[PDB]
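Throughout, protein chains are lettered first and strands after them, A, B, ... in sequence-line order, and every chain is numbered starting at 1.
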Amino acid sequence: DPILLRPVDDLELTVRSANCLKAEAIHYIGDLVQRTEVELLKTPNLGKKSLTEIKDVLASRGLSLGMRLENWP
Amino acid sequence: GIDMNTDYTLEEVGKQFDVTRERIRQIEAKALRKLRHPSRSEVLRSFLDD
């Protein structure tokens, strides 16, 4: 999957979201889409705006949440 | 020098926009960083024949 292995910097997010992802230590979008809404919300310094932006960008780029990855290194 | 007869220096642009030279520089650097961000300008990257 060409868009599963792309770097996380392609998410066109803000500096707050970027440092939140850096703290979460997930550099791949394929590994990042395995999280859930409650887990994303419970993280500190991450409001509804970041969730809305990431959902919009995933929908624009043909991606969604709630899916699982199998045999993903 | 885009879509005009000649280009304007950074100081004249700051004077016209009522914005300090350093703030103009920072806004230009932010714009350049945003353009360097991926998922955009793919044809611009493709415009290299090497």
Taking 4.0 angstrom as the limit, do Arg61(A) and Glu12(A) come out as a salt bridge?
-> yes
Taking 4.0 angstrom as the limit, do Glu42(B) and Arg45(B) come out as a salt bridge?
-> no
With a cut-off of 3.5 Å and sequence neighbours excluded, list every side-chain donor-acceptor pair involving residues 2-18 of chain B.
from, atom 1, to, atom 2, distance (Å)
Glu11(B), OE1, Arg21(B), NH1, 3.0

Verify, without hydrogens or angle tests, whether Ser17(A) (side chain) and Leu13(A) (backbone) share a donor-acceptor contact under 3.5 angstrom.
-> no
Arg6(A) side chain vs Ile3(A) backbone, donor-acceptor pair below 3.5 Å = yes
Report, as yes or no, whether the 6.0 Å neighbourhood of atom NZ on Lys55(A) holds more than 12 heavy atoms from other residues, nucleotides or ligands.
-> yes
[atom1]/[X] to [atom2]/[Y] distance, rounded to the nearest 0.5 angstrom?
X        : Y        : atom1 : atom2 : result
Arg36(B) : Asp9(A)  : CZ    : CG    : 14.0 Å
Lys49(A) : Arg16(A) : NZ    : CZ    : 10.5 Å
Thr14(A) : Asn19(A) : OG1   : CG    : 8.0 Å

Side-chain contact test, heavy atoms from C-beta onward, threshold under 4.5 Å: evaluate it for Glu22(B) versus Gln26(B) and give yes or no.
-> yes
Residue pair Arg25(B) / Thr20(B), side-chain heavy-atom distance below 4.5 Å | no
Apart from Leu35(B) itself, residues in the same hydrophobic cluster as defined by side-chain heavy atoms under 4.5 Å = none
Where do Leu69(A) and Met67(A) come nearest, in terms of heavy atoms and distance?
-> CD1-SD, 3.6 Å
Just distance, no hydrogens or angles: give the donor-acceptor pairs under 3.5 Å from side chains in residues 23-46 of chain A, sequence neighbours left out.
from, atom 1, to, atom 2, distance (Å)
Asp31(A), OD1, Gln34(A), NE2, 3.3
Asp31(A), OD2, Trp72(A), NE1, 3.3
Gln34(A), NE2, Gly30(A), O, 3.4
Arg35(A), NE, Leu32(A), O, 3.4
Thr43(A), OG1, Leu40(A), O, 2.3

